[PDB]
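A.B. asks: Please find the sequence and an experimentally derived structure below.
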Amino acid sequence: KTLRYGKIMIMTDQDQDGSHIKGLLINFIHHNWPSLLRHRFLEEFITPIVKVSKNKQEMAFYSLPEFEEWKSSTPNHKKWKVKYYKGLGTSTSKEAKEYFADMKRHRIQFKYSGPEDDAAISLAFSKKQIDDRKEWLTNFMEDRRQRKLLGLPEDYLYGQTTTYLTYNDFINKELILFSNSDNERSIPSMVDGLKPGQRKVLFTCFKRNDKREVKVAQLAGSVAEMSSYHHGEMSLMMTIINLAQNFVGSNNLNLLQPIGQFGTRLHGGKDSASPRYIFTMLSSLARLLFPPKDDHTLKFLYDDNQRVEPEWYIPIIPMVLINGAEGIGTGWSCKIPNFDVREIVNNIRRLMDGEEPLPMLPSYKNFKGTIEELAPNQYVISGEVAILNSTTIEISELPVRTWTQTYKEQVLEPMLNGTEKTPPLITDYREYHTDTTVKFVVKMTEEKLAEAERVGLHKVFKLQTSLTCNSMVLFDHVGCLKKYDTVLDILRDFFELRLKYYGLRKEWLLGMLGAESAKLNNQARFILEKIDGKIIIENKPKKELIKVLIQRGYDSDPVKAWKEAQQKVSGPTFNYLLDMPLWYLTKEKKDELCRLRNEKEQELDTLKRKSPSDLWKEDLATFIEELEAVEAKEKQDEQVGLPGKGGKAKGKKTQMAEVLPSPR
Amino acid sequence: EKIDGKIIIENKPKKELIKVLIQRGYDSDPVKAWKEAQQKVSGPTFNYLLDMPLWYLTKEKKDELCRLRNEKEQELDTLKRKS
Amino acid sequence: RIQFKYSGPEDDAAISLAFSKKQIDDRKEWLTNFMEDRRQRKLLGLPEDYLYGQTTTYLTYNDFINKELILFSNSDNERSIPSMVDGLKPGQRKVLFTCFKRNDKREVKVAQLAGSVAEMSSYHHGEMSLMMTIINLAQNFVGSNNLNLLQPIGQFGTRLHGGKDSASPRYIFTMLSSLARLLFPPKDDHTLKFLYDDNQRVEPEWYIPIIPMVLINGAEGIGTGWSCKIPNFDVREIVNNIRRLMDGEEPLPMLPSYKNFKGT
Amino acid sequence: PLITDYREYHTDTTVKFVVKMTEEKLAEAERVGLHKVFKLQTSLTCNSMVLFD
DNA sequence: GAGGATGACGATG
DNA sequence: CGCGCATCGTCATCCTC
DNA sequence: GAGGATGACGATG
């Protein structure tokens, strides 16, 4: 009674986001006041997610499995007018009046019995129960896989009216969906290495041509309109900005072109302007990375009866090894550094040959720093320093994760003045930083330089960086998570998954060329028959024309046949034989068609002659030519970024060999 | 004219075809003329006389065109008659 | 980096000219003189004068007031009050032209439409003003408008609290109305001459509606030198008045009317 | 205090006012004017008829 | 009973 | 992603010595 | 000299 309130009612949407807020609130309350979980202190308010209406008849549905059961149990499909309720802006005051007209349906309390539930309350909030959560997610994934294989429908809540709600089912049924969704959206798969947001953006970009430039804010709305994006607008724009970043230490191959200020390498890289201030344009590499002919390979999802993006893609190279996968999710995580793009082609060629591929080293574009690996899955990265004189010194190259403002505030300020425990190390410093390169006119006492050398230049200035790669967990082609050991095994798995598709593409291409080939052959035969002359065009009925076309061995539309054999794999159709203008009756058109019909025959004979092998190399040849062109453009940009200043002076430089602490 | 039959379609060069189209009183594209007389207000064009599919050679298409050509004449006469 | 120059107290009068509540007629004469000079220069084809042609060390206040701020005054006056021919402001004009560019059979988002309008109409006034203009075009409740060009989809603000309590432009949806097809027939596209900016076909300077919009939705414009405030009227009487005028008789006096309003 | 009670049963478009008042004060309100006391009158003038030709 | 003071306002910064 | 100060000018109230 | 405490982080609320 002393408290200002007696009951706490929280309300969220039917999405999984509210589950996290409810869990955090339960944690905040139970952490200090467990005894208040038995006096009707907490309750819940719920909202609808979808409503059907036909002939002034409405039905309420609060669960997606409930909607699936309603579809499986009712013979009316498309008969009911459906209306989705993703957010709060859709509902109106007239609906709120009906919502508050029935309290016993939405206002539901909770129930607590036995201390065992508290363990579950701690399960999602204990830093010492990581393996327990791992087993929990594994059990749920196995159960979902088994239920999907057996085709048995899963269980859901809010089927009928309820007065209370047990915590055990609350944790085991609702928050687990948020955990699964966060894990699915946080870490990309191993097949394409693209997150769902990047996937939606790239699919929307593929939908159009975009010959000219386009705004980011304008593109975000178009992406959200077709990709069914329901996560606000800021996250999508942030993902687009991350895709746009291509500076040193961020990415190695982007899908866009840098137009505007996308954040510099000086202050965090997050100092970019508004998405409407900046412009963007699609790159030329995406055309070769994802060939259009692969659209008939994967099966798209069916949401809102709309053709949407697929679940993954089939790139020519694993993107995780070129741009890095930094994902943080529940149960596991993923952090893979970058590598060299040139070595990937040589490794793939060696694997196609059948030889053991050479070990790779983490590389970065525009980075001259050497990396030595002493222990497996561990790397040491150091920069380069130049000693011009016994007093002056300059840092030539900085290691990865080195920002100008942070490095300055964390190194120069303690070294310049005398701190509480350390004397002033440096005497002077200058920052002549360019757009990409750095300059340090730093002076130091000659006597202190000997001590700095004895201790270590990389050690005193903190130029060494250690990283370990152990979380090699990625989504498999099936959907499972497996902790990997080496990169070469991932390359071999990708190679097998890619080899599986050469035959599929060959089967799709074979016969499809034959269809247009037979179509052109029939058209040429019709032209030759007209030159000879048997079909009278004197106002003859279409029925006699179709009868003659059937009696003279003319097939129907092959394109219609290939279209019919796509969803699951009157009478005849002859529109294509009558939709031809009179230009076909000219000598030049006939002469060019006589060889156009054989231009396809040449490729068809080549496909019948070629093997599934020797195609990957021919596909990579154009890609290597385009990559050399892109590198030439990058060198041209460097020439643009050339002010006219003198080259860096040659000077003594050394790399420290840290003792190996034998970690892990 | 095709029903009567004088223009041979046996791989004749386009030059002879254009010469025949000029000699038989066939004008150029009127849409091109109205487009030209819009900004400030090779030789002849006959693409529209050759971009027609074979469906025009059917009885039903000819019968419907015979009245479609007069559907516009009715509105043209009405415009010439109305104020 | 250019400094300024001050000579003589007379410039202070100009400094007060654009900032005196007792010199309204003086500003009116000033705008009138500028408009007459611009009309004469355009008719004679003589090029006007401009500043910053060569390097300058100082800048006199008299020319500063008479040459630079006057352009802002003219632009604000041109963009604030609509014309008498169509009664549409330049923002509404750009939005309606962009809407005419497409068909829009289904619904569309407001925030998504604003970018498409800004992309083709050469809009350079941020994004908030365009969305606010779209919201004002969307309002159709009692006491606001009598005939809109859109359809009410969502919460466009109620008649209880200011009418400005609407949600985010992305929260709400919109759809083109069916009356616009009859108000602006497509065949009128060959009548007006469009401007040529960026070598691109853009919206015209005005439109030719079947009825004066100022008498159906009101023109509330506040600009420099003058303003405009016209109340609403009845739509049924407009047709009778136009028929009587086509006949050649003296039209009857009208009375300000409002949709769903029984007040005399 | 002029009024004694009031209620606001407002719909989406229409309004409702269950308002009570002293019968004696109603006579004074009538003598003064219902539109005047409750401020229901609104005056507007249209003089700025300036438009772009 | 009249004049200075207070908001109504609609596109833009 | 909601939070908030103003401009140009015109006019309806409105209240006190 | 080792273990708890402090930030690095990337999509979303």
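C.D. replies: That came in fine, so what should we check first? Numbering: from 1, shown residues only, chains lettered A, B, ... in the order given.

A.B. asks: DNA strand G contacts on the stretch 51-200 of chain A?
C.D. replies: Contact residues (Cβ under 7 Å from any atom of the strand) of the stretch 51-200 of chain A with DNA strand G: A:185-186, A:195-197. Yep, even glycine has a C-beta here, placed from its N, CA and C like the rest.

A.B. asks: Filter those down to just the ones in helices.
C.D. replies: A:185-186, A:196-197 (DSSP state H).

A.B. asks: ok, so of the residues of the stretch 51-200 of chain A next to DNA strand G, who is nearest DNA strand E?
C.D. replies: Of all these, residue A:197 has the smallest distance to DNA strand E: 31.3 Å, by Cβ to the nearest atom of the strand.

A.B. asks: Tell me who's in contact with that closest one.
C.D. replies: A:185, A:229, A:231, A:235-236, A:239 (Cβ atoms under 8 Å, 6 or more residues apart in numbering or on different chains).

A.B. asks: Phi first, then psi, for residue A:295.
C.D. replies: phi -60, psi -30 (degrees, to the nearest 10).

A.B. asks: residues near residue A:574, how many?
C.D. replies: 18 (other Cβ atoms under 10 Å in any protein chain shown).

A.B. asks: returning to that earlier point: PyMOL command to pick out the buried ones of the residues of the stretch 51-200 of chain A next to DNA strand G?
C.D. replies: Restricted to buried positions by 16 or more other Cβ atoms under 10 Å in any protein chain shown, the PyMOL selection for these reads:
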select buried, chain A and resi 186+195+196+197
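
A.B. asks: now, among the contacts of residue A:197, which is nearest to residue A:469?
C.D. replies: Of all these, residue A:185 has the smallest distance to residue A:469: 22.6 Å, by Cβ to Cβ.

A.B. asks: Make sure that closest one is actually in contact with residue A:194.
C.D. replies: No - if you go by Cβ atoms under 8 Å, residue A:185 and residue A:194 don't touch, sitting 11.8 Å apart.

A.B. asks: shared neighbours, those two?
C.D. replies: With Cβ under 8 Å, 6+ apart as the test, residue A:185 and residue A:194 reach no residue in common.

A.B. asks: related to what we said a few turns ago, identify the farthest-apart pair in the residues of the stretch 51-200 of chain A next to DNA strand G.
C.D. replies: Largest pairwise distance in these, by Cβ to Cβ, is 10.5 Å, between A:186 and A:197.

A.B. asks: would you turn the ones in helices among the residues of the stretch 51-200 of chain A next to DNA strand G into TSV with distance to residue A:26?
C.D. replies: Putting those into TSV (distance: Cβ to Cβ, whole Å) gives the following:
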residue	distance to residue A:26
A:185	24
A:186	23
A:196	29
A:197	30
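
A.B. asks: Go through those residues and name the one nearest residue A:82.
C.D. replies: residue A:196 (23.9 Å).

A.B. asks: what's the closest non-adjacent residue to the closest one?
C.D. replies: residue A:185 (5.3 Å; Cβ to Cβ, 6 or more residues apart in numbering or on different chains).

A.B. asks: mind listing what the one you found touches?
C.D. replies: Contacts of residue A:185 by Cβ under 8 Å, 6+ apart are A:195-197.

A.B. asks: Need the buried ones from the contacts of residue A:197 selected in PyMOL.
C.D. replies: For the buried members of these, the matching PyMOL selection, counting by 16+ other Cβ under 10 Å, is:
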select buried, chain A and resi 229+236+239
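
A.B. asks: Residue numbers of the stretch 101-250 of chain A in contact with chain C?
C.D. replies: Residues of the stretch 101-250 of chain A lying close to chain C (Cβ under 8 Å from any Cβ of the partner chain) are A:215, A:217-218, A:221-222, A:224-225, A:233.

A.B. asks: Next, the buried residues of stretch A:605-624.
C.D. replies: A:616, A:620.

A.B. asks: how far does it stretch from start to finish?
C.D. replies: 27 Å (Cα to Cα, to the nearest Å).

A.B. asks: Please apply the same query to stretch A:481-489.
C.D. replies: 15 Å.

A.B. asks: ditto for stretch A:82-98
C.D. replies: Rule used - Cα to Cα; the end-to-end distance of stretch A:82-98 is 19 Å.

A.B. asks: close to chain C, is it?
C.D. replies: Yes - using Cβ under 8 Å from any Cβ, we find that stretch A:82-98 touches chain C at A:87, A:89-90, A:92-93.
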